[PDB]
Every structure is written in C-alpha cells, then in structure tokens.
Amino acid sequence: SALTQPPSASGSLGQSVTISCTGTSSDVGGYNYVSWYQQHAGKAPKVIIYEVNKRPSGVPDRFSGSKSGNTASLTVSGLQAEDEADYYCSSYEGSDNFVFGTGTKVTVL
C-alpha cells in the first residue's frame, strides 16, 4: 500500500516541476488531507504542504498544491538549486490510518 509518484522529475532553474500523488477514492480522492514533505538525504524532512494546499509559515509562495479526482500534485515553481530533494506525499486513508507515496527525486537541469 503506497501512493503513486514519478520516481524522478527535473526542471531548469526558474522553471517549475510538478509531482503527482495518485491514490484511490478512499484516500487521496476521499479527503482533503494530502501532505507533502521535502527531504535532502540524511536531513530531516520539511513539511511543505498539508491539507492539499495549506503551507506552514515559512514555506515560500512558489510551493503550491492542486487536486482533482484521485490525484493530488505539488508544484515547485521558480525552481532553485535549494529545491533539489526527494518529495513525498501522504494521505489520510480512513480508520485512523495514513498512506505514503513512494517519493520523487527532483533535480535541476
């Protein structure tokens, strides 16, 4: 049980990268409860987004979320070197449970 994400994605500096997160009607599509995490290897994960498109304070305006049907997405716009990292989604899935995505390695061209 794991949400589907592309293994990797790339973009040029200044451009954008979009990470999808696909589940089912009982998780991604059933709730507004998608989170996104950014992790550099061997560093703690950052919370980028919760509840599809809510930013904790401190996350720049260039990070946004969208959802339609059973797919949520994170876009990192205005790409910076700083943004190269693995990105993970998760969703509530009912029954007090969460499910996580497989992660996407983002690189800059």
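Residues carry their position along the shown sequence, with the first being 1.
- 36-44 and 51-59 differ in mean CA B-factor, and the higher of the two is recorded for 36-44.
- The deposited CA B-factor of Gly69 belongs to the highest third of values across its chain.
- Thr4: CA B factor in the lowest third of modelled residues in this chain (values from the PDB entry).
- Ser20 sits in the middle third of its chain by CA B factor, as recorded in the PDB entry.
- When the CA B factors of the chain's modelled residues are split into thirds, the value for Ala81 lands in the highest one.
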